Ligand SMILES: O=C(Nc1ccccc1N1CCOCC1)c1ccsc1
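Presented below, as structure tokens, is a lone chain in the form solved without this ligand.
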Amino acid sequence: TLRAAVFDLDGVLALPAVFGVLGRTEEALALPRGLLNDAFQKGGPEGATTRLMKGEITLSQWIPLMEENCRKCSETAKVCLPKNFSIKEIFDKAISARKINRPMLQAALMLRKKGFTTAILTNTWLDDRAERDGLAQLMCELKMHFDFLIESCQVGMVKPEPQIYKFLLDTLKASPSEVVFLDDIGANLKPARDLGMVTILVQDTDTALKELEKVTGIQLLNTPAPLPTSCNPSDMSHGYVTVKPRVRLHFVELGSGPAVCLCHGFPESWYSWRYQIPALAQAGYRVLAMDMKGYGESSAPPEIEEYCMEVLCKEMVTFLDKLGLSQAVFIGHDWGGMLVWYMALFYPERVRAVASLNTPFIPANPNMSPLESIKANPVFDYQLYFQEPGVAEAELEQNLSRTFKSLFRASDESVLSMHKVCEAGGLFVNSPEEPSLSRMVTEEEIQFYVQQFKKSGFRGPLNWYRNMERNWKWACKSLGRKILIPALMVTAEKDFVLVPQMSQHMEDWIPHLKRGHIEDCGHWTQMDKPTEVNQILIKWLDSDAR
């Protein structure tokens, strides 16, 4: 029956409410109880506050008017206002004190996820204070999670006026009895209740959620901890830069602040960073998530040398050049992890900080050809399988669905052993035609990859593996150097290819290296343990890159 949930901001999605700082100030300053609410509501329907809420005047025009009301209120109750009494002060303070009420937002998210149309309906103001950016930020973080945001000041109406509820109903394309409406102010429920909406008086969040959980029959409180926000591809800003004639790079871009460049592994996509993208934007960064050369919407020229580390690096430099960026933070996974270490090593003036998931920094052995180094280790046998142009392309392109559903699996879910892949004749010889979905990925998300690899297949991506000798010679040039810019290394307990112990000597080349470690996490780090990854990168960026 119920199909939509409507939330207020002040006192429901963000706490503490500002009306509440009207109370605390009163106590704080031993003013007459209510004096500040009295001043705030003066003249009711025709007073300053209503005009403000209706968009007739801006916050900064309003401040002086509330001063006047406070001056008149204090005169009628025969009390003096304290030397230095500042409405601007009180409100600046109140406004930044208010935060997203995490449980409420999560309840809204849940309900959205089980089918509800959700909305913010709020009495608010046109904010033009010097410190307005605060609220702009909050409102951005909130609005993305809702189907609608309806603001008193944008529509010229306010609660409890019966018409805003009609506008509400109209925007929802629902009928009053399919709506739950939550508010902290009883007056604003009355018109919702009159049309026959379920209404929740929100005092403590938890009890409001109990009523909400009861009346929608969905579990909301005590639910498991949810995944970080994902990206909807077609809601992203997509960016494109030609770095030389036959080669353009695609990326997705979110947030402002220090530029942070995310480099995915083999055989993946910008989409591999879907869980990090909003978190780091949210954390105060300009995330640039790449399609690395050879993938998705980036160019994929056929030649093998187009993919040696050197060419790949100069190309990332040029990407900075044309975007007008003097440095970026480089963060990489797997193959992208190898690339960023090498970026630190040949272009440190352009790297603000460097960080890798799974991929250790290992130097070239000037004594031992890299092909040989690779045969010494059974788990790397698949890298040999990848040498012959055509062979791996054929097997991996033959069924895309199957490929990604076979590769993208948690530690406890595997279907392909990396064991003697050459001998077996393939990566999937001993694995299913129709593998089950990994707990880590939806059907939809598999298709996204599928559709990306339909543009260029696997020739480009596989090439990255086919300059073993060329990268070795180049790598040797850096053997005298050390990495001395900020550097994070994140090991995954259960990557059985890029194992933690492989990273163990890294401190010799990177004396000041920082570490994070993720337990119970296989190879596909970002999607396997998205929460822990975000926690580790944001902490390190805030401390080493800012």
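We number the residues from 1 along the sequence you see.
From this point on, the text means the form deposited with this ligand bound, which you will not see here.
A heavy atom within 4.5 Å of this ligand in the deposited bound form is found for one listed residue only; from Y342, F146, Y285, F116, this is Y342. This chain appears without its partner; in the deposited bound form, the one residue of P258, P370, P176, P103 with a heavy atom within 4.5 Å of this ligand is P370. Under a 4.5 angstroms non-hydrogen atom cutoff, this ligand in the deposited bound form lacks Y165 among its neighbouring residues.
When contacts are judged by a 4.5 Å heavy atom cut-off, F251 does not count as touching this ligand in the deposited bound form. Put simply, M309 is close to this ligand in the deposited bound form: some heavy atom of it is within 4.5 Å. Residue contact check for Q383: one or more of its heavy atoms lie within 4.5 Å of this ligand in the deposited bound form. Stretch-level contact check against this ligand in the deposited bound form with heavy atoms at 4.5 Å: of 469 to 477, 322 to 330, 233 to 241, 445 to 453, the positive one is 469 to 477.
Along 362 to 376, these residues reach a heavy atom to within 4.5 Å of this ligand in the deposited bound form: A364, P370, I374.
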